[PDB]
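Undergrad: What follows is a single structure, and I will ask about it in a moment.
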Amino acid sequence: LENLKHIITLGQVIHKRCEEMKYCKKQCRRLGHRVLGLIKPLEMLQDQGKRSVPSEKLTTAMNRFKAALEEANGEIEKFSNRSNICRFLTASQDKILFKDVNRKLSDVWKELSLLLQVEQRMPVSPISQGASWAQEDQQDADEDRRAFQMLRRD
C-alpha cells in the first residue's frame with residue numbers, strides 16, 4: 001500500500017500533467033486517463049478493499065508500478081517542452097511519446113493485478129482499463145507528427 005499512495009497520487013499527476021499538456025495531448029491525456037483507470041480499481045482495493053497485505057511480490061509490482069509511472073510522468077514531463085515535442089515528432093525519438101511506458105507501464109499492471117488476485121483474492125479482468133494504449137498511442141503518434149506538421153492541432 002505504501003506504493004499505492006504513490007501510484008494513485010502519481011496516477012492523478014500523470015493525469016493532471018497530461019491533462020494540462022501543451023503538446024501531444026491526444027496521447028498524453030490518454031496516458032493519464034488510462035493510468036488513472038489502472039489506479040481506479042485499486043481505489044476500491046487499497047482505499048475500501050478491506051485490508052491489503054503488501055507481500056514482497058505485491059510491493060514489487062506496485063514498486064514497478066510507481067516507478068513505471070515516473071516513466072509516463074517523466075515522458076509527459078520531458079515532453080512538456082514544445083521544443084522537445086516538435087523535435088521528437090519530426091525526428092521521431094521513439095515514434096511515440098509514451099509508447100515505452102504503455103509497454104512497461106502495462107506489463108506492470110499485468111504483474112500487479114495478477115499478484116493482487118493472489119494476495120487479496122480480488123477478481124480482475126484483462127486490464128479492463130483498456131491495454132490498447134499502444135494501438136492508440138502509435139495511431140496518434142504517426143498522426144500527431146503528421147498533424148502538427150501542417151494540420152491544425154486537433
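The chains in the C-alpha cells are called A, B, ... from first to last as shown; in each chain the residues are counted from 1, and the ligands are counted from 1 in the order shown.
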Skipping near chain neighbours, those fewer than 5 positions away, what residues fall within 9 Å of residue 35 (chain A) using only C-alpha atoms, listed as number ranges by chain?

TA: A: 8, 11-12, 14-15, 30, 40, 69, 72, 102, 105, 129

Undergrad: Give me the residues near region 56-62 of chain A as a VMD selection string, where near means some atom within 7 Å (using only C-alpha atoms) and where sequence neighbours in that chain fewer than 2 positions away do not count.

TA: chain A and resid 3 to 4 54 64 to 66 108 111 to 112 115 to 116

Undergrad: Write out, as a PDB file, in the first residue's frame, the residues just selected, with C-alpha atoms.

TA:
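Ended up saving to again09.pdb:
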```
ATOM      1  CA  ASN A   3       3.473   2.413  -3.186  1.00  0.00           C
ATOM      2  CA  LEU A   4      -0.251   2.567  -3.927  1.00  0.00           C
ATOM      3  CA  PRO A  54       1.531  -5.877   0.537  1.00  0.00           C
ATOM      4  CA  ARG A  64       7.416  -1.342 -10.678  1.00  0.00           C
ATOM      5  CA  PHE A  65       4.084   0.448 -10.954  1.00  0.00           C
ATOM      6  CA  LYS A  66       5.007   3.571  -9.013  1.00  0.00           C
ATOM      7  CA  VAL A 108       3.333  -3.769 -14.534  1.00  0.00           C
ATOM      8  CA  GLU A 111       2.052  -8.347 -12.734  1.00  0.00           C
ATOM      9  CA  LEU A 112       0.392  -6.023 -10.230  1.00  0.00           C
ATOM     10  CA  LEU A 115      -0.447 -10.557  -7.924  1.00  0.00           C
ATOM     11  CA  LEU A 116      -3.379  -8.843  -6.232  1.00  0.00           C
TER      12      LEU A 116
END
```

Undergrad: Quick one: everything within 8 Å of residue 23 (chain A), counting only C-alpha atoms, minus sequence neighbours fewer than 5 positions away in the same chain. Send it as a ChimeraX atom specification.

TA: /A:79-80,82,85

Undergrad: Measuring between only C-alpha atoms, which one of A:133, A:98, A:109, A:88 shows the shortest distance to residue 34 (chain A)?

TA: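 Going through A:133, A:98, A:109, A:88 one by one, the smallest distance to residue 34 (chain A) is for A:133.
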
Undergrad: Please provide as a ChimeraX atom specification all residues within 10 Å of region 121-123 of chain A, with the sequence filter that same-chain residues fewer than 6 positions apart are discarded (counting only C-alpha atoms).

TA: /A:41-42,45,49,52,113-115

Undergrad: Grab the residues selected above and save them as an mmCIF file, in the first residue's frame with N, CA, C and O atoms.

TA:
```
data_model
loop_
_atom_site.group_PDB
_atom_site.id
_atom_site.type_symbol
_atom_site.label_atom_id
_atom_site.label_comp_id
_atom_site.auth_asym_id
_atom_site.auth_seq_id
_atom_site.Cartn_x
_atom_site.Cartn_y
_atom_site.Cartn_z
ATOM 1 N N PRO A 41 -9.315 0.779 -10.004
ATOM 2 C CA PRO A 41 -9.651 -0.463 -9.298
ATOM 3 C C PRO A 41 -8.984 -0.541 -7.932
ATOM 4 O O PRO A 41 -9.577 -1.030 -6.970
ATOM 5 N N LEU A 42 -7.756 -0.045 -7.845
ATOM 6 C CA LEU A 42 -7.030 -0.054 -6.584
ATOM 7 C C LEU A 42 -7.764 0.784 -5.552
ATOM 8 O O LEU A 42 -7.869 0.403 -4.390
ATOM 9 N N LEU A 45 -9.716 -1.252 -3.764
ATOM 10 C CA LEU A 45 -8.967 -2.244 -3.002
ATOM 11 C C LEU A 45 -8.139 -1.601 -1.889
ATOM 12 O O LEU A 45 -8.309 -1.915 -0.711
ATOM 13 N N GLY A 49 -10.894 -1.624 0.182
ATOM 14 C CA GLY A 49 -10.837 -3.037 -0.154
ATOM 15 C C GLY A 49 -10.727 -3.928 1.068
ATOM 16 O O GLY A 49 -10.414 -5.112 0.952
ATOM 17 N N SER A 52 -5.254 -5.134 3.074
ATOM 18 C CA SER A 52 -4.468 -5.348 1.864
ATOM 19 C C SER A 52 -2.997 -5.564 2.206
ATOM 20 O O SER A 52 -2.205 -4.621 2.210
ATOM 21 N N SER A 113 -1.797 -6.668 -11.036
ATOM 22 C CA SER A 113 -3.156 -7.180 -10.938
ATOM 23 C C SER A 113 -3.149 -8.683 -10.677
ATOM 24 O O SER A 113 -3.872 -9.173 -9.809
ATOM 25 N N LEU A 114 -2.329 -9.413 -11.432
ATOM 26 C CA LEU A 114 -2.243 -10.859 -11.271
ATOM 27 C C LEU A 114 -1.762 -11.210 -9.863
ATOM 28 O O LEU A 114 -2.148 -12.240 -9.310
ATOM 29 N N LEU A 115 -0.942 -10.339 -9.277
ATOM 30 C CA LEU A 115 -0.447 -10.557 -7.924
ATOM 31 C C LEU A 115 -1.559 -10.303 -6.917
ATOM 32 O O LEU A 115 -1.768 -11.089 -5.992
#
```

Undergrad: From the DSSP assignment of the backbone, select every residue of chain A that is helix (DSSP H, G or I), and format the answer as a short mmCIF file (atom, residue, chain, number, x, y, z; two decimals) with C-alpha atoms, in the first residue's frame.

TA:
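Okay, this is what ended up in part-v5.cif:
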```cif
data_model
loop_
_atom_site.label_atom_id
_atom_site.label_comp_id
_atom_site.auth_asym_id
_atom_site.auth_seq_id
_atom_site.Cartn_x
_atom_site.Cartn_y
_atom_site.Cartn_z
CA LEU A 4 -0.25 2.57 -3.93
CA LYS A 5 -0.47 6.07 -2.49
CA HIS A 6 2.47 6.94 -4.74
CA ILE A 7 0.91 5.28 -7.76
CA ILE A 8 -2.61 6.56 -7.16
CA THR A 9 -1.37 10.05 -6.40
CA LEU A 10 1.02 9.87 -9.33
CA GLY A 11 -1.84 8.49 -11.35
CA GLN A 12 -3.53 11.80 -10.65
CA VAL A 13 -0.44 13.83 -11.50
CA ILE A 14 0.41 11.91 -14.64
CA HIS A 15 -3.24 12.62 -15.41
CA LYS A 16 -3.13 16.28 -14.33
CA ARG A 17 0.16 16.97 -16.11
CA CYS A 18 -1.07 15.24 -19.25
CA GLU A 19 -4.43 16.99 -18.97
CA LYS A 25 -2.33 15.96 -25.54
CA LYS A 26 -4.21 13.33 -27.56
CA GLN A 27 -1.89 10.58 -26.37
CA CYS A 28 -0.80 12.37 -23.19
CA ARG A 29 -4.39 12.77 -21.99
CA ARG A 30 -4.82 9.05 -22.68
CA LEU A 31 -1.74 8.07 -20.67
CA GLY A 32 -3.09 9.82 -17.61
CA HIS A 33 -6.73 8.88 -18.16
CA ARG A 34 -5.61 5.32 -18.86
CA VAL A 35 -3.16 5.41 -15.98
CA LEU A 36 -5.99 6.61 -13.73
CA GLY A 37 -8.00 3.61 -14.84
CA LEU A 38 -5.18 1.44 -13.53
CA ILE A 39 -5.29 3.18 -10.17
CA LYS A 40 -9.09 3.24 -10.24
CA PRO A 41 -9.65 -0.46 -9.30
CA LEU A 42 -7.03 -0.05 -6.58
CA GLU A 43 -9.02 2.81 -5.09
CA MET A 44 -11.61 0.15 -4.33
CA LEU A 45 -8.97 -2.24 -3.00
CA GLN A 46 -6.36 -0.05 -1.31
CA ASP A 47 -8.90 2.54 -0.15
CA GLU A 56 7.13 -9.00 -1.21
CA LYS A 57 5.75 -9.66 -4.70
CA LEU A 58 2.82 -7.25 -4.42
CA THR A 59 5.07 -4.39 -3.32
CA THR A 60 7.49 -5.29 -6.11
CA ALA A 61 4.62 -4.88 -8.57
CA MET A 62 3.39 -1.64 -7.09
CA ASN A 63 7.07 -0.70 -6.97
CA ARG A 64 7.42 -1.34 -10.68
CA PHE A 65 4.08 0.45 -10.95
CA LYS A 66 5.01 3.57 -9.01
CA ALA A 67 8.27 3.52 -10.95
CA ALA A 68 6.67 2.74 -14.30
CA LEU A 69 4.56 5.82 -13.66
CA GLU A 70 7.61 8.06 -13.30
CA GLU A 71 8.23 6.94 -16.87
CA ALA A 72 4.85 8.21 -18.07
CA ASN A 73 5.05 11.28 -15.83
CA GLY A 74 8.65 11.73 -16.89
CA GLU A 75 7.79 11.22 -20.53
CA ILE A 76 4.88 13.64 -20.27
CA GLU A 77 7.11 15.98 -18.28
CA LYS A 78 10.10 15.77 -20.62
CA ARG A 82 7.26 22.13 -27.03
CA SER A 83 10.90 22.31 -28.10
CA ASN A 84 11.15 18.61 -27.26
CA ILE A 85 7.88 17.58 -28.90
CA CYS A 86 8.39 19.40 -32.21
CA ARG A 87 11.91 17.94 -32.27
CA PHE A 88 10.68 14.49 -31.21
CA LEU A 89 7.92 14.26 -33.83
CA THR A 90 9.89 15.23 -36.94
CA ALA A 91 12.97 13.45 -35.60
CA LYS A 99 4.93 4.18 -26.05
CA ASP A 100 7.71 2.60 -23.99
CA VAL A 101 5.61 3.42 -20.93
CA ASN A 102 2.33 1.98 -22.17
CA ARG A 103 4.59 -1.00 -22.85
CA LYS A 104 6.36 -1.08 -19.49
CA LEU A 105 3.54 0.51 -17.51
CA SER A 106 1.23 -2.14 -18.99
CA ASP A 107 3.29 -5.19 -18.05
CA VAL A 108 3.33 -3.77 -14.53
CA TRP A 109 -0.43 -3.95 -14.14
CA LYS A 110 -0.27 -7.44 -15.60
CA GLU A 111 2.05 -8.35 -12.73
CA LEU A 112 0.39 -6.02 -10.23
CA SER A 113 -3.16 -7.18 -10.94
CA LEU A 114 -2.24 -10.86 -11.27
CA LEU A 115 -0.45 -10.56 -7.92
CA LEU A 116 -3.38 -8.84 -6.23
CA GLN A 117 -5.62 -11.65 -7.44
CA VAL A 118 -3.46 -13.85 -5.22
CA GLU A 119 -2.64 -11.69 -2.20
CA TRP A 133 -2.89 2.36 -25.21
CA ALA A 134 -0.13 1.27 -27.59
CA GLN A 135 -2.54 0.83 -30.50
CA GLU A 136 -3.90 4.34 -29.95
CA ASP A 137 -0.54 5.80 -28.95
CA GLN A 138 1.04 4.96 -32.30
CA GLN A 139 -2.11 5.88 -34.22
CA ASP A 140 -1.89 9.27 -32.54
CA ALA A 141 1.91 9.28 -32.86
CA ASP A 142 2.15 8.89 -36.62
CA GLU A 143 -0.92 11.12 -36.82
CA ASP A 144 0.42 13.66 -34.32
CA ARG A 145 3.79 14.20 -36.01
CA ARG A 146 1.96 14.30 -39.33
CA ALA A 147 -0.74 16.52 -37.82
CA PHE A 148 1.20 19.36 -36.23
CA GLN A 149 3.31 19.39 -39.40
CA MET A 150 0.68 21.17 -41.50
#
```

Undergrad: In Å, how far is it from CA of residue 120 (chain A) to CA of residue 1 (chain A)?

TA: 11.9 Å

Undergrad: Go through A:81, A:132, A:92, A:55 and flag the residue nearest residue 2 (chain A), using only C-alpha atoms for the distances.

TA: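 The answer is A:55, which sits nearest to residue 2 (chain A).
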